[PDB]
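Here's the letter readout for the chains.
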Protein chains: 6
Amino acid sequence: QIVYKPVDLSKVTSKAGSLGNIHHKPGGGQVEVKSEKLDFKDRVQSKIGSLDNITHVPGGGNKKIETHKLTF
Amino acid sequence: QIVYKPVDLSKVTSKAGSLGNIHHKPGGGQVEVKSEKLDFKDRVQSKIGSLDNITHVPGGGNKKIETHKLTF
Amino acid sequence: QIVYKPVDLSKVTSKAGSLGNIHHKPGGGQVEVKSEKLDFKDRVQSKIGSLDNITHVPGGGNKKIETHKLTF
Amino acid sequence: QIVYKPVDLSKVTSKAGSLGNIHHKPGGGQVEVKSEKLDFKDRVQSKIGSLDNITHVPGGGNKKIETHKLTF
Amino acid sequence: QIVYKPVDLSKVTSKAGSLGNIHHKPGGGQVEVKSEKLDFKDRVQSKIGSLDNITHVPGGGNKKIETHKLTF
Amino acid sequence: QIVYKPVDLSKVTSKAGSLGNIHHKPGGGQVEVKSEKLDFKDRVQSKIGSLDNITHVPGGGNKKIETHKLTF
């Protein structure tokens, strides 16, 4: 007899891994740029005048990773 | 006799991995740009004058990854 | 007789690994840039004039990793 | 003999008291206000939540004022 | 014989009392206000939450004032 | 014989009392205010939470004032 019974009888409850509200509220801002003879070759990545706001939220939560084997 | 019975009887309840409200409210802004003789030749990525707001929310939740094997 | 029975009878409850509200509130700002003869040749990564705010939240939570094996 | 000859032979030339260009360029902005039980009774002047930009240029120009009399 | 000859043979030239360009460029901003039970009774002047920019230029120009009299 | 000849042969030239360009460029800012039971009774002048920028330029220009009299 070969018998294989992985259960995972599990509970994740009552606000266990939440985030709150997400508010992104920029207060305006000002930018001015003057550029003349500028010259770019192979694979240049350039950002000359910037006023930049990022809210990035890949997180929170109840991440579970599991693996089983049984091998002959 | 070969018998395989993985169960996964599991419970994720009551705001367990929720997000709140998502609010993005940019307060306007101002940008001015002057460019004269510029020249770009190969794979150039450029951003000269910018006022930029990004809200990115790929997260939250209860991500579960599970794998089972049985081999001869 | 070969018998495999991993259980994982677990409980994660009541704000166990939650984050509060996420507020990103930039207070405006000011940027000015003047560029004359600049020249970039190979794989150059450049950021000349910037006022930059990043809120990055990939963390928080109840991360669990587990692995089981049985081999002959 | 009574005689009265006030002349004023005067010259005001070539940008003598001029202004340049006037530019008013607000970069946006953000305001939030919550008021519950407030009460005002007599000649009250109030400004609770404000984001305000004033450009006031009451000068410039060629205003001339002159008055003449001769009395017995 | 009574005679009165005030001349004022005067010259005001070539940018003599000029102002340059006037630029007012607010870079945005952020304000938040919460008020519960406040009470004002007589001639009260109040400014609770403010982000305020004033550009006031009452000068410049060619203002001339003159007065003449002759009395018996 | 009675005579009165004030001449005023005067010259004011070539940037003699000029001002340059006037630039007012606020760099944003942030204000937060919380008020519970405050109470003001008579002629109160109040400023609780403020971020204030004033550019006041009352000079410059060619202001001339003159007065002449002759009395018996």
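Residues numbered from 1 in each chain as written, not as in the entry; some residues may be left out. Chains lettered and ligands numbered in written order. Heavy atoms only, no water.

As annotated in the PDB entry, chain A carries the name Isoform Fetal-tau of Microtubule-associated protein tau and comes from Homo sapiens.

Novice: How do you make sense of the overall build of chain A when you look at a structure like this?
Specialist: Along its length, chain A carries zero helices and seven strands. Order of helices (α) and strands (β) in chain A, N terminus to C terminus: β-β-β-β-β-β-β. Its C-alpha atoms give chain A principal-axis dimensions of roughly 80 × 40 × 5 Å. Buried residues in chain A amount to 67% of all 72 residues. The contacts of chain A with a sequence gap of at least 6 include a subset with a gap of at least 24, amounting to 65%. Working note: accessible area of chain A is about 2,100 Å², and carbon and sulfur atoms make up 48% of it. Across chain A, 12 positive and 7 negative side-chain charges occur, with their mean positions spaced 12 Å apart. (Helix = DSSP H or I, 4+ residues; strand = E, 2+ residues; numbered from the N terminus. Buried < 20%, exposed > 50% of the residue type's maximum accessible area, 1.4 Å probe, protein only. Contact = heavy atoms within 4.5 Å. Areas by Shrake-Rupley, 256 points an atom, 1.4 Å probe, with all protein chains shown as cover. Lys, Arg positive; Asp, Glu negative; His and termini not counted. Charge placed at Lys NZ, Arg CZ, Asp CG, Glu CD.)

Novice: Help me understand the environment of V33(B) in this model?
Specialist: Structurally, the position occupied by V33(B) is in strand 4 (residues 30-35). Separated by 34 residues in the primary sequence, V33(B) and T67(B) place their C-alpha atoms 55 Å from one another. What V33(B) contacts, discounting residues up to four positions off in sequence, is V33(A), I48(B) and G49(B).

Novice: Got a minute to help me understand the side chain of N62(A) in this structure?
Specialist: Tracing the backbone through its elements, the reader meets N62(A) in the loop between strand 6 (45-56) and strand 7 (64-68). Relative accessible area serves as the criterion here: at 10%, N62(A) is assigned to the buried category. In this view, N62(A) contacts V12(A), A16(A), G17(A), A16(B), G17(B), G61(B), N62(B), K63(B) and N62(C); residues no more than four positions away in its chain are not counted.

Novice: I would appreciate a short explanation of the pattern of salt bridges in the present structure.
Specialist: If the charged atoms of two oppositely charged side chains come close together, the side chains can form a pair. Within this structure, the stated rule accounts for 50 salt bridges over all chains. Between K25(C) and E32(E) there is a salt bridge; the shortest N-O distance is 2.7 Å. Note that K25(C) is positioned in the loop between strand 3 (22-24) and strand 4 (30-35) and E32(E) in strand 4 (residues 30-35), a pairing that runs across two chains. Residue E32(E) is classed as buried on the basis of its relative accessible area of 13%. (Salt bridge = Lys/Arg side-chain N within 4 Å of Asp/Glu carboxyl O.)

Novice: Sorry, what's going on with the interface of chain F and chain C here?
Specialist: One widely used convention gives an interface's size as the accessible area the parts lose upon coming together. Tallying the contact residues gives six residues for chain F and five residues for chain C. Counting each side, the surface lost to burial between chain F and chain C is near 430 Å², with a carbon and sulfur contribution of 32%. Taken together, the links from chain F to chain C amount to one salt bridge. Across the chain F-chain C interface, the total number found is four residue pairs in polar contact. When its residues are assigned to classes, the side of chain F that touches chain C shows one nonpolar, four polar and one charged. (Buried area = accessible area lost by both parts, 1.4 Å probe. Polar contact = N/O pair within 3.5 Å; in protein donor to acceptor, adjacent residues only side chain to side chain. Nonpolar A, V, L, I, M, F, W, Y, C, P; charged D, E, K, R; others polar.)

Novice: Help me out: how do you make sense of the interface of chain E and chain D in this one?
Specialist: Taken together, the contacts link 72 residues of chain E with 72 residues of chain D. A buried area of about 5,900 Å², summed over both sides, lies between chain E and chain D, and 50% of it is on carbon and sulfur atoms. When residues of chain E are sorted by the area they lose upon contact with chain D, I22(E), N62(E) and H68(E) head the list and together hold 9% of the total. Linking chain E with chain D are one salt bridge. The closest approach of N and O atoms between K64(E) and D8(D), which form a salt bridge, is 2.8 Å. The interface formed by chain E and chain D includes 69 residue pairs in polar contact. Secondary-structure elements contributing two or more residues to the side of chain E that touches chain D are strand 1 (2-4), strand 2 (11-13), strand 3 (22-24), strand 4, strand 5 (39-40), strand 6 (45-56) and strand 7 (64-68) of chain E. Top contributing element to the side of chain E that touches chain D by residue count: strand 6 of chain E, with 12 residues. Of the residues in the side of chain E that touches chain D, the class split is 24 nonpolar, 29 polar and 19 charged. Strand direction decides the pairing type here: strand 2 (residues 11-13) of chain D and strand 2 of chain E, joined by three bridges, are parallel. (Pairing = 2+ DSSP bridges.)

Novice: Explain the sheet that holds strand 7 of chain A here, please?
Specialist: By way of backbone hydrogen bonds, the strands of a sheet pair with one another, either parallel or antiparallel. The three strands are arranged 7(B)-7(A)-7(C) in an open sheet whose pairing can be described as parallel. Taken across any chain shown, the strands that pair with only one partner, and hence form the sheet edges, are strand 7 (64-68) of chain B together with strand 7 (64-68) of chain C. Ignoring strand direction, the axes of neighbouring strands in this sheet form an average angle of 0 degrees. In terms of strand pairing, strand 7 of chain A meets strand 7 of chain B through five bridges, oriented parallel. The residue bridging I65(A) from the neighbouring strand is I65(B), located in strand 7 of chain B. (Axes fitted to C-alpha atoms, helices over the stretch in contact; angles between N-to-C directions.)

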